[PDB]
Structures are given as C-alpha cells and as structure tokens.
Amino acid sequence: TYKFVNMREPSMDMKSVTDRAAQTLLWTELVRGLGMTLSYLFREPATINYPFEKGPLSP
Amino acid sequence: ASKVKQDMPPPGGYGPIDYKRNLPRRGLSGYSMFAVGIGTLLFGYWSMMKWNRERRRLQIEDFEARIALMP
Ligand SMILES: CCCCCCCC/C=C\CCCCCCCC(=O)O[C@H](COC(=O)CCCCCCC/C=C/CCCCCCCC)COP(=O)(O)OCCN
C-alpha cells in the first residue's frame, strides 16, 4: 500500500481564510519553532565530560 | 539440565510503538489575535494622545517663560 505525503487542499471558509491570513501576518509557525528551540534550551544537555567520563562500550 | 537461552521478545511481545505524526493545533483564532492587536493599538493611541497634549502645554509654558525673559 501507499500514501500521499502532500495531497490535501485547504478549506475555503471565512474562518479558515482568516486563520491563514493571521498566520501570514502574525508569524505563528515561526513563533512555534522559536518555542521548540526554547524548550530544548531548558532541557538537559547530552554531553559527557570527557576525558573523565567515557561512552559505553561492549565486550 | 540447561535450556536454550536467547535474545527473544517477552511473552506477549512489546507494547505499541507510536509512529504517526503528532503536530497539534495549539493556537487561538485569527479573529481573536487581530482583536488583541487592535485593542493594544487603541490603548497606545489614547495614552500617547493624552501625553502629547500635556507635552504641548508644557512647551507653551516654557516658551512663555522665555518670552517673559526676552526683553
Ligand atoms: C485602528 C486601525 C489601526 C490600523 C493598523 C492596523 C495594523 C495591524 C494589523 C496589520 C499588521 C500586520 C503585521 C505587519 C508585519 C507583516 C509582515 C509580513 O509581510 O508577513 C510575512 C513576511 O514576514 C516574514 O516572513 C518574516 C520572515 C523572517 C522571520 C525570521 C525572524 C522572525 C521571528 C522573530 C519574531 C519577531 C518578533 C518581533 C519583536 C519586535 C521587538 C521590537 C508575509 O510574507 P510571506 O508569508 O512570505 O507571503 C507574502 C507573499 N505571499
């Protein structure tokens, strides 16, 4: 089976048109990406303290 | 009395693994966003109107003091 990755058409009701116009004029998805990067900023880093800490190894 | 031991999944298998996209909506409406913008614009305009009228009166007072001193 298969699926289409980009085959949807936007709804043309006045509410949807206004929402898209607000997204265009007020940079909503850009602020969303900013929020994602800020979330990563407040997460904990994954860096080990080499050479005092070593990565995992196996036999 | 030793049995074959091997890397196998647990009885009943593993739990479901999520793979679908999960981008939510997480937003207000365009109408509400525009309303907030217009409201803050109007509040700012009103405040600047009052403050700038006060500044004009202050300038008139300073100019009058200068006129009094000019002779
Ligand atoms: C009472 C009557 C009042 C009358 C005034 C009414 C005005 C209020 C409503 C209108 C305001 C509209 C906002 C004006 C800015 C819009 C800019 C714009 O044109 O939007 C984007 C253009 O802007 C961008 O694309 C931005 C790209 C760069 C983004 C990278 C940084 C932005 C993220 C940081 C957020 C910035 C926050 C600003 C803080 C300022 C602090 C001083 C559209 O471009 P396209 O989507 O490509 O399509 C156009 C052709 N089809």
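In its metadata, the entry names cryo-EM as the structure determination method and reports 2.88 Å as the resolution.

(A) Broad picture of the site of the ligand. Close contacts around the ligand come from A:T24, A:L25, A:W27, A:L30 and B:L41, and that covers them all. Looking at the residues close to the ligand, they fall on chains A and B. Interatomic distance of 3.1 Å between a backbone N/O atom of A:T24 and an oxygen atom of the ligand. Summarising the interface, the protein chains cover 29% of the accessible area of the ligand, which totals 1,300 Å² for the free molecule. Looking at side-chain class alone, the shell around the ligand contains four nonpolar, one polar and no charged residues.

(B) Geometry of the interface of chain B and chain A. Residue-level contacts link nine residues of chain B with 10 residues of chain A. Overall, the association of chain B and chain A removes approximately 780 Å² of surface from exposure, summing both partners, and the carbon and sulfur fraction of that is 61%. Contact with chain A buries surface across chain B, with B:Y31, B:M33 and B:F34 losing the most and accounting together for 58% of the total. The interface formed by chain B and chain A includes three residue pairs in polar contact. In terms of residue class, the side of chain B that touches chain A is built from five nonpolar, two polar and two charged.

(C) Here's a closer look at the packing of aromatic side chains. Residues and elements named next belong to chain A. Counted according to the given criterion, the structure contains one aromatic pair over all chains. On the basis of an interplanar angle of 85° and a centroid distance of 5.4 Å, the ring pair of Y2 and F4 is categorised as edge-to-face. For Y2, a relative accessible area of 68% corresponds to the exposed category. Since its relative accessible area comes to 57%, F4 is described here as exposed.

(D) Summary view of the UniProt feature "transmembrane region" (unreviewed entry) in chain B. Those places that UniProt annotates as "transmembrane region" (unreviewed entry) correspond, in this numbering, to residues 28-48 of chain B. The span residues 28-48 of chain B is 90% helical and 0% strand by assignment, and the distance between its end C-alpha atoms comes to 29 Å.

Basis of the calculations
Residues numbered from 1 in each chain as written, not as in the entry; some residues may be left out. Chains lettered and ligands numbered in written order. Part of a larger assembly, values for the part shown. Heavy atoms only, no water. Near = heavy atom within 4 Å. Polar contact = N/O pair within 3.5 Å; in protein donor to acceptor, adjacent residues only side chain to side chain. Areas by Shrake-Rupley, 256 points an atom, 1.4 Å probe, with all protein chains shown as cover. Nonpolar A, V, L, I, M, F, W, Y, C, P; charged D, E, K, R; others polar. Contact = heavy atoms within 4.5 Å. Buried area = accessible area lost by both parts, 1.4 Å probe. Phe/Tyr/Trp six-rings, centres within 6.5 Å; stacked < 30°, edge-to-face > 60°. Buried < 20%, exposed > 50% of the residue type's maximum accessible area, 1.4 Å probe, protein only. UniProt positions renumbered as here; feature names shortened; annotations may be inferred. Helix = DSSP H or I, 4+ residues; strand = E, 2+ residues; numbered from the N terminus.

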